[PDB]
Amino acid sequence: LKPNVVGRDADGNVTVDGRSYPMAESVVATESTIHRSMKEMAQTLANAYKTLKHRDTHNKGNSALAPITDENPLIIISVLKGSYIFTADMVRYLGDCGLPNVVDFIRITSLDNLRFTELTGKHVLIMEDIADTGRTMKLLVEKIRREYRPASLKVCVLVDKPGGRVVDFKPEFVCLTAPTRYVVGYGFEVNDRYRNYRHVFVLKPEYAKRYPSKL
């Protein structure tokens, strides 16, 4: 939550706190902005699920609905790969707000299904890093809904790019909004590069095909 300083070096490259980022054209959101919006999002999510009830799978002898506890946590589906840093930070923030949850990962590239089998009648939250065309999440929502029929199925995204929509999809929860540009940093990649950066940047167009070689 430390305040970040955005500037330019002598070469004219975008710098954040003295560190130069030659691949960046501009700054979408510094680390401070990102975590501030995730802390408030955690509180938003906590308020939305705190008093909710879903099917009891801890005790199968019970027929009544059960509140969200450690026995019957919120089911969080994290979308590999870009969402793993976003998810790691968020679940800890959710813990601060006292929201019981468990995470299973799925790998989608428009492939690697869930290990969880009890999603029926459960409150499920999908954690995706970014929504652009909306195709990835639209396909994922109807797939999860058809195969499991959860009590609820909402989507939380770190970054939303509404200007790039091609289908009818709206994330219930949105941490940040970005312009219709290719962004990098904090999960966002260019052939797995720049993923571990602490800020979200607009990528220079001349860096789009920087690393075409197979990893």
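When you see a residue number, it is the position in the sequence shown, counting from 1.
The deposited sequence places no unmodelled residues between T117 and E118, so the chain runs continuously there. Mean C-alpha B-factor is higher over 162 to 170 than over the other stretch, the pair under comparison being 162 to 170 and 183 to 191. 119 to 127 and 139 to 147 differ in mean CA B-factor, and the higher of the two is recorded for 139 to 147. Note on the listed residues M90, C97, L111, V103: the highest Cα temperature factor in the record is that of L111.
Of all the options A42, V27, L65, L176, the entry's greatest CA B-factor is assigned to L65.
The deposited CA B-factor of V202 belongs to the lowest third of values across its chain. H35: CA B factor in the lowest third of modelled residues in this chain (values from the PDB entry).
When the modelled residues of the chain are ordered by C-alpha B-factor, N13 sits in the highest third.
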